[PDB]
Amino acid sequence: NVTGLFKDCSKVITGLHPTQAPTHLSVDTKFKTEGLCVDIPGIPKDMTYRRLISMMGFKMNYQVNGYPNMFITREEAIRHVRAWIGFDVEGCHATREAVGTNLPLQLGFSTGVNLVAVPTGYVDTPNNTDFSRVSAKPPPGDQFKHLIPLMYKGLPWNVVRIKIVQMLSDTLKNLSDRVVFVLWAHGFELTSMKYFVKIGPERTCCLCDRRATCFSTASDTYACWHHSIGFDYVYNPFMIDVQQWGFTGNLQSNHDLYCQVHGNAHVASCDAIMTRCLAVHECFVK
């Protein structure tokens, strides 16, 4: 079959030349014969295209010696309840030039913080992938009205990821040697993590013997929560999906069974607050 990961969201009807298609599936039909492809002299390459590639559908189930696993068990999340940060993302739909994927618009954390990003996506060109702004619109939701003014109010992602590392480091330096993002229906939150998470083997901070929790592209160095000023990437974060613990309804209906002091103000941080709060009640009562 097929997957939705790296789905081509452009509105071009054809495309593309065998030398430019990343996969056999995306080769234009003219070049396909009997499970293979043929070169056709006279049908030239495309040297102007811009093709939005969807980042929905990530699967974190690698089993590689020495690379920690992002998604952890309930029991290991309990041992690290000090590292728990709720996280939720409201998105916007790609539009005009492309259709079929969503982009991070407002990122919420159980710290109370909300960060608004410029709609940015991954666009394939004849040369590379251009991480760049794209046309986007708020979801048709009537309840998504509050997102309308956010569209002209986001920051560039190189700032956004800085403030994330910056907020997690101030919140967690005296609490944990890691972060555990606590999520509900992790799909789009994991997609948002592509914009600010890097993974690899375990490392140690350049200024201490502590575990590395951050990474800097500008310097190719690693840092703990204490020594992370200027760093732009969260490194080897952990996470868990509360929703997968056998709950039936939506987030609020399950949160409200144990808590009456977190009314729904419909913001990303409100969902993030309710997700962590639900996890605490579910995991430390009976």
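The numbering used is simple: start at 1 and walk along the sequence shown. We call the rigid core the largest set of C-alpha positions that still match within 1.5 Å between the two forms.
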Root mean square C-alpha distance from this form after a core fit in 7 other deposited structures of this protein: higher for 250-258 or for 34-42?
34-42
So if we fit everything on the core, which stretch drifts more in 7 other deposited structures of this protein, 194-202 or 135-143, C-alphas only?
135-143
Quick one: higher average CA temperature factor, 54-62 or 245-253?
245-253
Between 187-195 and 144-152, name whichever shows the higher mean Cα B factor according to the PDB entry.
144-152
Highest recorded Cα temperature factor - choice among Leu207, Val179, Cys214, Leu103:
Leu207
By the entry's C-alpha temperature factors, tell me which of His17, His24, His266, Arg276 sits highest.
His266
Among the chain's modelled residues, which third holds the C-alpha B-factor of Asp220?
highest
For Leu168, the third of its chain by CA B-factor is the middle
CA B-factor placement of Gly91, once the chain's modelled residues are sorted into thirds:
middle
Split the chain's modelled residues into thirds by Cα B-factor; is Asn174 in the lowest, middle or highest one?
highest
Temperature factor at the Cα of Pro119, chain-ranked in thirds, falls in the highest
